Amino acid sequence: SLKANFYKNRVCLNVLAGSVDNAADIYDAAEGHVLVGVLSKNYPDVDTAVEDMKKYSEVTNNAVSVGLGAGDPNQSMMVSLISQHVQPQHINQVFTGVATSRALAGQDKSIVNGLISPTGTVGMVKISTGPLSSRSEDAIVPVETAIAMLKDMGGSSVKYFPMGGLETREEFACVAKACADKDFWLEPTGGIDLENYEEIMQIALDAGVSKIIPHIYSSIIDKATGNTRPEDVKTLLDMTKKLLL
């Protein structure tokens, strides 16, 4: 079960689970059109992570997204090694970890995203997002080339982060158009909430992006419990059904 369940073959929500029970409720709320994020940084080692994420898999039909955790690029290798055993539907990586994860996954079905970042210049993206490279002078390249490199490395989609706000909408619209033109998928991430979901998504849909995996994290998480609100997952589904007629 390696193929994510995109709604209308177009959109798959990606949200964090606070617990195995929370993952079950999110999966029901989304009618299965979702990927439940579980973060490697919440585990002391690969084996513990693997053992726990299998429990998430059992209640979501393997709709699990393995993530780095706290944006920490030093988690990249652990994510690759967990994913090799978990065989998830989705893997988050940094630019320098895309090829590793695809090689260790050993098949072409798992979605492997790659972190690239806005720069303040429409059409240019930052690709130095790895453990050591994230701390060097920025690597800034044409967004078309970034996508070609990600494709060369076995990547499935661009994870564009931090989305920020209105200041990066122009930059975002240009990344979405580049994705559509290179037939590549897109994963908007950062600051998405119930009030801006429709607008952001419409940009990617108008650009003609084929498959879109929006990441919606803290805006729908109850900080008292660490759980994603299932009622908010249902709202996102409703809005996604509306966006697509």
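So that there is no doubt, residue numbering starts at 1 and follows the sequence shown.
**Q** Quick check: 28 to 36 versus 209 to 217, which has the larger average CA B-factor in the record?
**A** Result: 28 to 36.
**Q** Using only the Cα atoms and their B-factors as the entry lists them, report which of 130 to 138 and 76 to 84 averages higher.
**A** The entry gives the higher C-alpha B-factor average to 130 to 138.
**Q** Per the coordinate record, which of the options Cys12, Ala17, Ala224, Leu237 holds the highest CA temperature factor?
**A** Highest CA B-factor of the listed options: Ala224.
**Q** Per the coordinate record, which of the options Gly114, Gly164, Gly106, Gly154 holds the highest CA temperature factor?
**A** The record points to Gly164.
**Q** By the record's CA B-factor, is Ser57 among the lowest, middle or highest third of residues in the chain?
**A** Tercile = highest for this residue's CA B-factor.
**Q** Pull the Cα B-factor of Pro188 out of the PDB entry and bin it into the chain's lowest, middle or highest third.
**A** It falls in the bottom third of the chain.
**Q** For the chain shown, is the CA B-factor of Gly97 in the lowest, middle or highest third of its modelled residues?
**A** Its C-alpha B-factor, which the entry lists for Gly97, ranks in the lowest third among residues of this chain.
**Q** What third of the chain, by the recorded C-alpha B-factor, contains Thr121?
**A** Highest third, going by the recorded CA B-factors of the chain.
**Q** Just say lowest, middle or highest third for the CA B-factor of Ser65 relative to the other modelled residues in its chain.
**A** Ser65: CA B-factor falls in the lowest third of its chain.
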